[PDB]
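These notes are about the structure you will find just below.
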Amino acid sequence: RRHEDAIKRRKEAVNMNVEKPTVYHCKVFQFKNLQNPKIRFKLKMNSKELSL
RNA sequence: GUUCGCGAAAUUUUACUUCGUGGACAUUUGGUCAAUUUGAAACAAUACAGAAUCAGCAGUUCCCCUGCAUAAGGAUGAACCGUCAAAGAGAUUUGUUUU
């Protein structure tokens with residue numbers, strides 16, 4: 314019961330929005346070849362997951 | 001003066017009676033049942049020391065095991081890639097192998 318109420322509580326963590334930070338943090342990477350398909354998949358996934 | 005013991009006499013050895021002899025030879029206290037009875041104050045009633053035991057759970061304090069929550073923190077896997085929708089008006093082009 315506490316486990317399910319936790320998820321019904323998680324949805325309120327979903328509809329919470331931004332509250333923009335102060336300083337954005339940036340990194341720059343550079344590569345010779347992106348052709349590897351799984352790398353191309355992971356860079357998309359992990360970008361969507363972390364809200365990067 | 002009281003008793004116990006030994007020796008002598010009068011009678012039937014122990015016994016009574018008397019002489020010579022060795023001890024022992026104080027009284028009290030520390031001894032109240034408590035409780036209850038309308039009277040010039042006594043111990044007379046009225047009781048009468050009879051004036052509960054086995055077992056179960058839980059709760060505080062620490063420890064371990066296993067869950068779920070929460071705060072932080074990490075490790076890894078997931079094949080395919082992003083600068084609109086509708087309607088209206090104007091401008092340009094368009095004989096035989098795969099229908």
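One gets UniProt numbering by counting positions in the first sequence from 1 and adding 313 to each.
Ideal Cβ positions, reconstructed from N, Cα and C, are used throughout, including at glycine.
Where does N359 fall in DSSP's three states? The count along the first sequence starts at 1 and reaches residue 359 at position 46. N359: helix per DSSP, three-state reduction.
Classify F344 as helix, strand or coil using the three-state DSSP reduction. Here residue 344 refers to the residue found at position 31 when the first sequence is read from its first residue. In the structure shown, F344 sits in coil (DSSP, three-state: anything other than H, G, I, E or B).
Reduced DSSP secondary structure (H/G/I, E/B, other) of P334: Working through the first sequence from its first residue, we reach residue 334 at position 21. Three-state DSSP puts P334 in coil, outside helix and strand.
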